[PDB]
Amino acid sequence: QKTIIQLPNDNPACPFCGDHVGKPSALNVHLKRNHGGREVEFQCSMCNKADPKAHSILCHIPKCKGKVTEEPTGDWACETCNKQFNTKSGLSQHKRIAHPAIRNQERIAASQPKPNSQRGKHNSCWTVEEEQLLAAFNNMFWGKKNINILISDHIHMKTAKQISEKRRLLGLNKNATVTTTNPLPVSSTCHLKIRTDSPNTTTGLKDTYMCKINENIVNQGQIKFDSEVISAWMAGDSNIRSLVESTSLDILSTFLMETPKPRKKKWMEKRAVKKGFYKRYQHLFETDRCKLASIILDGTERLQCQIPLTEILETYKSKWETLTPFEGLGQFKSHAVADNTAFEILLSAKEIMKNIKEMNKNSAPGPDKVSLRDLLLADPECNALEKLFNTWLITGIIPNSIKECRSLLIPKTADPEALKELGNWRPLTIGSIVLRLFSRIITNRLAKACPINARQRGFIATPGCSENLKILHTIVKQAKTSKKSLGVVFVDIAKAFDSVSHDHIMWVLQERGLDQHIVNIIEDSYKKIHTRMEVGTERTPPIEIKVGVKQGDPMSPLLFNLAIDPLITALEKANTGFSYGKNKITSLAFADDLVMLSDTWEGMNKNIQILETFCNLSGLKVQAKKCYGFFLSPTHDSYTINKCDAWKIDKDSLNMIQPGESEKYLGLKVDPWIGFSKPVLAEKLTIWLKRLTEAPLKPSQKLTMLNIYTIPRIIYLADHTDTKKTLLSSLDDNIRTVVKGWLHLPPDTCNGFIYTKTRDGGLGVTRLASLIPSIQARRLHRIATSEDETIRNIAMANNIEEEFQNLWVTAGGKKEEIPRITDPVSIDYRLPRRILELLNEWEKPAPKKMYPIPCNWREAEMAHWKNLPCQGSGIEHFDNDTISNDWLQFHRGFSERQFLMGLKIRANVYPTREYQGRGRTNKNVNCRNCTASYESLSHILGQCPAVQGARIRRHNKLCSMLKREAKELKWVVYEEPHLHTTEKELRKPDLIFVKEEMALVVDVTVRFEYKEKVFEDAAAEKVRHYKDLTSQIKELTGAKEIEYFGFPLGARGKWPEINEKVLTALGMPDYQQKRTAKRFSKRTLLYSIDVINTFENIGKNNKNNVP
DNA sequence: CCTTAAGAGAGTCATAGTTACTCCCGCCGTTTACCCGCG
DNA sequence: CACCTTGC
RNA sequence: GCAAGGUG
DNA sequence: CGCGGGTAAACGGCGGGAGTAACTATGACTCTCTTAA
Ligand SMILES: [Zn+2]
Ligand SMILES: [Zn+2]
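Residues in the first sequence are numbered consecutively from 93, following my numbering.
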């Protein structure tokens, strides 16, 4: 139980031990340190409100106004939680927000108007049968003699006056009539097969290649390829496959180096388990810690089930090889034709090198066991690479030897018992890295060649998920505002990349537009595709892939998108989607996942028939469970959700979303009621912080893991979800408290130290409330200036600009600085324009679009830190210094204890009577030891005597280090040279190292950077008091030249430039100069820590050991 | 061997904006179904 | 240069 | 493992 | 049948308006002061 601590409780007896520790803060200290784990909550006796945060209860203590628990009355208690309310206002508003499902139910119920007493109650007892018979007879009795006869009586219980009344209802002098209509759905995209011959000229690329090779041979161009293979191919050879495979084998053997052999370099006590855990974690931190970060944050490991290889085999054998007869795509047509000129260009080793650069070097090598690193080692020039690549390309016969690839099962689930199934293993297929690179090259060529529909936002340059999500949210809000019904249908097909039959993609490509050369090339690429299933100590014998694009091959994305395009096309051909403005946007698309946006339930039905047809042609399998959907319907005031019937996707009730229900989409939690469900950020954040806290991750390591791995995870959702500043502030507060506890910093520490970057001296901790707004604004602008004019139009009419302005302000950007969202952005190329034209487009880099930023915040915290009187004294020295801050990131050798107190000293908040005095006025501050008014930290430095000997020993120790280095640099030692100046008094300088005839007078000193002129005053004193001298040393050392410079140092470790001038006068190379400055600074800081330690001993440990 | 000084953030409640509608809503105008004598 | 997302 | 995007 | 004028009652169309639970965001204050492998 959370032990009830009904504050005020002065010094209570800690119930976990019943020990009177002290003030409630002292009780905290107790429970936190020794008696943790046990539950405890401070109670606010008056209101009895309880909080695990003492501070908060103290905040009550004045604030709290008694027993504030009484609940206001009323006469509308909202059914579910019976929250009494003043009026219906409060009631159905509680429905609206707190209890919105029943609210939708009420909305719909009242929605059914069924009002109609517009008739005015004039209605009477007429019968429709009598009305129809009267109408027919009057048609028969049109003003023709003996007109009533039947009318008067055959309508029993009526009068001619009543007949006149009814005629006055319909026809006045006569009867009347009515009419009706009916709509229909749309289908039949399953016709008109188009393939007749080669889409592009059979030799269109072949003829170009022949011409280019002729030009090269005549002019000896730089295009690389084996001569004989191309000679035979031009010669119309029959066994070209044989020869091309032979050359392949030879060149690959060149790349199949002898890859370097692995060069990677009672009795029952639980201590072994803890030591192994600590060892594992420390090693992973030393080694790759991405694995460590996953293990910690996810709380997981690596899994390898032992499911009978026989089974696993049967499954995948029957899956990959299993085929389905592709009938065709009927009328399904995609975007448009594809240009072939993009391929006319021949391969350039420059381009291949380029592509190589854009590779995951850290990738497991294929069966060849050859890596991109290995590959480059073989040919860092891509000369032979272009050679054999062109060999194949021009020939068109990819070697079958390289085809063999390795397959991997990914333990999708976490629970072992779930893992037992085969459904928790996404199969990864990895082939020859050479094959991978060639594939990506051709893939880039194709992607340029074949244009996809804009609506597919997957696997392209545009920023995908953000665009889709923002568009969806907008659309929803826009619709609700516009008071117009709308239907939403999520779709998801299984085995997106796996069920695909090679034959159908063959077909698809046939009509797109492509030279038969590349056609056959791709076929061969996907022809004779064997692989083995790597598992533990066994890889299954070969399996011939006949269905499913090779999982891992760079092509698979492009090919899949290509096969899917026809669907998107046909859907737009329906042009029955939501008529946003002019555009009738039908559906969005990302990779495989897609939606459907019609305007009427029946329009959506039409869409579904189209989809069903598509599956029929493709033989694809969609399911209601695999899919979700929901409908919107406007009211007089608000919108109703799902008011209509659930659909019948694949003849199955599409699972509908109801208010409050959320279904994941691109990692989000789309809720029709509120668009995106508010993400559970605090919960995941706290969980992660707990996991980190409770591990062998010595504090510095905790901070490193945090800043470098944890934050991005939360960044993604926080930014992608419109998040308000207050919640971010709360999260930042949580993080600050947690880290401060981690490193046992004093509570009141200034934030600026925490937030400022390590390079600037700070802890480099993110400030979500300051960072997320900038990311959000960047996304906003990025989407605004998109290529899809539709997306633009949408955002524009959705007046995103106001949000952009507001964010830019919120992130801290100035109103004037607000860029005009319409204007273009900076388009860099990482290449001098000259070099840019020098090369070809295929070798051109990717022009990433630089975007504005509202402001820099790290600098903001830095500035505020500077402004601080106490915690911010002398720090400005450390701004934009790449030397002093270094140890923060590479505090090697420092003891964790030393390092932590080093943080404190750097912050000037170390325990000292002044520090204990700081803030709290009424106290004593006199330096215990000497007399200093404030028992400050600087008086220690020099003023405070007791040290004396230690100060001297440290000083001459540093002098000794520099001396030791001196002889190493052939600087003749003439240090500690007792002198006798004009006063014949000992002015022994630190160092007078002589060389040739130059004698280098030096003055080693280390001063705390209290003021700004510290070191320049030092130097002025150096020269000033030294001055004269000259002659005496001139003859003593027999030197013809004498220096007088100094060597001041920052006590904290600040490295002035004067010592640097000494270094350059010494002749040290620049790189060694930086190395020396860094190391020397760390030594300075360490010996300062020693000074501290000593003093702290002096009096404290003196009393402890000697009472 | 060197320096003058000495809150800073944690935290709660108060109050104003503002969302999101929703509620609604009352008042005047329209529509309905008859209601009545005549060529 | 390290991380993160999604989606296979 | 692959394709993109983002972040310091 | 034709053939006019009356009917007066929902509702809906429209001006507006009026309110509001519950977030979101500043403002104004007060309390806080010791544990490294
Ligand atoms: Zn209270
Ligand atoms: Zn002193």
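All residues carry an ideal CB built from backbone N, CA and C; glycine is no exception.
Next item on the list: Use the C-beta contact count for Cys-497: other C-beta atoms within 10 angstroms, 16 or more gives buried, fewer gives exposed.
Entry: To locate residue 497, count along the first sequence from 1; it is residue 405. So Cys-497 ends up on the buried side.
Checklist line | Whole-Å CB distance - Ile-522 paired with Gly-644, under 8 angstroms assumed | finding: Counting from one through the first sequence, the residue named residue 522 turns up at place 430. Counting from one through the first sequence, the residue named residue 644 turns up at place 552. About 5 angstroms separates the two Cβ atoms, so the contact holds.
Next item on the list: Please indicate yes or no: does the CB of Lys-141 lie closer than 7 angstroms to some heavy atom of ligand 1?
Entry: Within the first sequence, the letter at position 49 stands for residue 141. It does: the Cβ of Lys-141 is within 7 angstroms (strictly closer) of some heavy atom of ligand 1.
Note to self: Measuring only the C-alpha atoms, how far is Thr-727 from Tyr-808?
What the structure shows: On the first sequence, position 635 is the one that residue 727 refers to. On the first sequence, position 716 is the one that residue 808 refers to. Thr-727 and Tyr-808: Cα-Cα distance of roughly 36 angstroms.
Notebook entry, point to check: Mind checking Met-232: buried by the 16 CB within 10 Å criterion, or exposed?
Noted result: The sequence position of residue 232 within the first sequence is 140, counting from 1. Looking at its Cβ environment, which holds fewer than 16 other Cβ atoms inside 10 Å, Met-232 is exposed.
Next item on the list: Could you tell me which residues DSSP pairs with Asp-111 in its beta bridges?
Entry: Walking along the first sequence from the start, residue 111 turns up at place 19. BP columns for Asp-111 point to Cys-106.
Next item on the list: Assign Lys-619 to buried or exposed, taking buried as 16 or more other Cβ atoms, counted over all protein chains shown, within 10 Å of its Cβ.
Entry: Indexing the first sequence from 1 puts residue 619 at position 527. Exposed is the call here.
Check: Along the chain, where does the beta strand (DSSP E) that runs through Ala-1091 open and close?
Finding: Looking up residue 1091 in the first sequence gives position 999. Note, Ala-1091: beta strand (DSSP E), 1090–1094.
Note to self: Rounded to the nearest angstrom, what separates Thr-705 and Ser-280 at their Cα positions?
What the structure shows: Looking up residue 705 in the first sequence gives position 613. Looking up residue 280 in the first sequence gives position 188. The straight-line gap from Cα to Cα measures roughly 8 angstroms.
Note to self: For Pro-503, list the residues DSSP reports as bridge partners.
What the structure shows: Position 411 of the first sequence, counted from the start, is the residue given in the question as residue 503. Answer by DSSP bridge pairing, in chain order: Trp-517.
Check: Helix or strand or just coil, what does DSSP make of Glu-935?
Finding: Counting from 1 along the first sequence, the entry for residue 935 is found at position 843. In this structure, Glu-935 counts as helix in the three-state DSSP scheme.
Checklist line | Nearest-angstrom Cα separation, counted from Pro-633 out to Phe-682 | finding: Start at 1 with the first residue of the first sequence, and residue 682 comes out as number 590. Start at 1 with the first residue of the first sequence, and residue 633 comes out as number 541. Roughly 36 angstroms separates the two Cα atoms.
Margin query: Let's see if you can read the secondary structure: which residues bound the alpha helix (DSSP H) around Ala-539?
Written below: For this step, residue 539 is matched to residue 447 along the first sequence. Looking at the DSSP string, the run of the alpha helix (DSSP H) that includes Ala-539 is 525–541.
Check: By the 10 Å Cβ neighbour count, where 16 or more other Cβ atoms means buried, how is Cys-542 classified, buried or exposed?
Finding: On the first sequence, residue 542 is found 450 positions in, with the first residue counted as 1. Under this definition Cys-542 is a buried residue.
Check: For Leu-467 versus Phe-347, is the C-beta distance shorter than 8 angstroms?
Finding: Numbered from its first residue, the first sequence carries residue 467 at position 375. Numbered from its first residue, the first sequence carries residue 347 at position 255. Yes, the pair counts as a contact, with Cβ atoms nearer than the cut-off.
Notebook entry, point to check: In this structure, does DSSP put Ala-142 in helix, strand or coil?
Noted result: Position 50 of the first sequence, counting from 1, holds the residue named residue 142. In the structure shown, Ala-142 sits in a strand (DSSP, three-state: E or B).
Check: Who does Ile-522 pair with in a DSSP beta bridge?
Finding: Locating residue 522 in the first sequence gives position 430, counting from the first residue. DSSP lists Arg-498 as partners of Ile-522.
Item checked: Whole-Å CB distance - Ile-255 paired with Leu-226, under 8 angstroms assumed -> Here residue 255 is taken as the residue at index 163 of the first sequence, counted from 1. Here residue 226 is taken as the residue at index 134 of the first sequence, counted from 1. Between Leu-226 and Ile-255 the Cβ distance is about 6 angstroms, and since that is below 8 angstroms, they are a contact.
Checklist line | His-1031 CB to nearest heavy atom of ligand 2 below 7 angstroms | finding: Taking the first residue of the first sequence as position 1, residue 1031 is located at position 939. Yes, the Cβ of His-1031 comes within 7 angstroms of a heavy atom of ligand 2.
Next item on the list: Pull up the CB-CB distance for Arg-333 and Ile-502, whole angstroms please, since I reckon it's below 8 angstroms.
Entry: On the first sequence, position 241 is the one that residue 333 refers to. On the first sequence, position 410 is the one that residue 502 refers to. So it is not a contact: roughly 35 angstroms between Cβ atoms.
Check: For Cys-707, which of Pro-472, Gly-420, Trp-957, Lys-665 has the nearest alpha-carbon?
Finding: For this step, residue 707 is matched to residue 615 along the first sequence. Nearest C-alpha to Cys-707: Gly-420.
Margin query: Following a CB-centred definition, is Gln-1035 positioned closer than 7 angstroms to any heavy atom of ligand 2?
Written below: Indexing the first sequence from 1 puts residue 1035 at position 943. Correct: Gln-1035 has its Cβ closer than 7 angstroms to ligand 2.
Next item on the list: Please specify which runs of the alpha helix (DSSP H), each continuous and at least 4 residues long, are wholly inside the segment 701–744, giving them in chain order.
Entry: none
Next item on the list: With hydrogens ignored, establish whether the beta-carbon of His-147 is closer than 7 angstroms to any heavy atom of ligand 1.
Entry: If you number the first sequence from 1, residue 147 lands on position 55. No, since every heavy atom of ligand 1 falls outside the 7 angstroms radius drawn around the Cβ of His-147.
Checklist line | Sequence-distant residues of the same chain with beta carbon closer than 7 angstroms to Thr-161, five excluded per side | finding: Within the first sequence, the letter at position 69 stands for residue 161. Only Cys-139 meet the Cβ criterion.
Next item on the list: Please report how far the alpha carbon of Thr-300 lies from the alpha carbon of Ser-345, in whole angstroms.
Entry: As a first step, residue 300 must be located in the first sequence, where it is residue number 208. As a first step, residue 345 must be located in the first sequence, where it is residue number 253. Cα to Cα, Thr-300 sits roughly 31 angstroms from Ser-345.
Notebook entry, point to check: Near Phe-369, which residues of its chain fall below 7 angstroms by C-beta distance, leaving aside the five closest residues on each side in sequence?
Noted result: The sequence position of residue 369 within the first sequence is 277, counting from 1. Here the set comprises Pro-788.
Check: Smallest Cα separation from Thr-379: which of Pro-937, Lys-362, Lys-356?
Finding: Here residue 379 is taken as the residue at index 287 of the first sequence, counted from 1. Of the listed residues, the one whose Cα sits closest to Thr-379 is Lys-356.
Item checked: Minimum C-alpha distance to residue 87 - residue among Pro-1148, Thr-778, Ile-677 -> A query on residue 87 cannot be resolved here, the shown segment of the chain reaching from 93 to 1199 and no further.
Check: First and last residue of the alpha helix (DSSP H) that includes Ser-866?
Finding: By 1-based counting over the first sequence, the position of residue 866 is 774. Looking at the DSSP string, the run of the alpha helix (DSSP H) that includes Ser-866 is 860–876.
Notebook entry, point to check: Just how far apart, CA to CA, sit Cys-1051 and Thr-1097?
Noted result: Walking along the first sequence from the start, residue 1051 turns up at place 959. Walking along the first sequence from the start, residue 1097 turns up at place 1005. Their Cα atoms are separated by approximately 9 angstroms.
Checklist line | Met-451 (DSSP reduced to helix, strand or coil) | finding: Residue numbering aside, residue 451 sits at position 359 when the first sequence is read from its first letter. Note: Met-451 maps to coil in three-state DSSP.
Notebook entry, point to check: For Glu-162, which three-state DSSP category applies?
Noted result: Taking the first sequence and counting its residues from 1, one reaches residue 162 at position 70. In the structure shown, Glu-162 sits in coil (DSSP, three-state: anything other than H, G, I, E or B).
Check: Taking Cβ to Cβ, would you say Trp-834 is nearer than 8 angstroms to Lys-794?
Finding: Position 742 of the first sequence, counting from 1, holds the residue named residue 834. Position 702 of the first sequence, counting from 1, holds the residue named residue 794. In this structure, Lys-794 lies closer than 8 angstroms to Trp-834 by Cβ.
Margin query: For the alpha helix (DSSP H) containing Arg-1116, name the first residue and the last one.
Written below: Counted from its first residue, the first sequence places residue 1116 at position 1024. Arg-1116 -> alpha helix (DSSP H) spans 1106–1118.
Next item on the list: List the DSSP bridge partners of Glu-755.
Entry: As a working note, residue 755 is residue 663 in the first sequence. In the DSSP output, where bridge partners are listed per residue, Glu-755 has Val-762.
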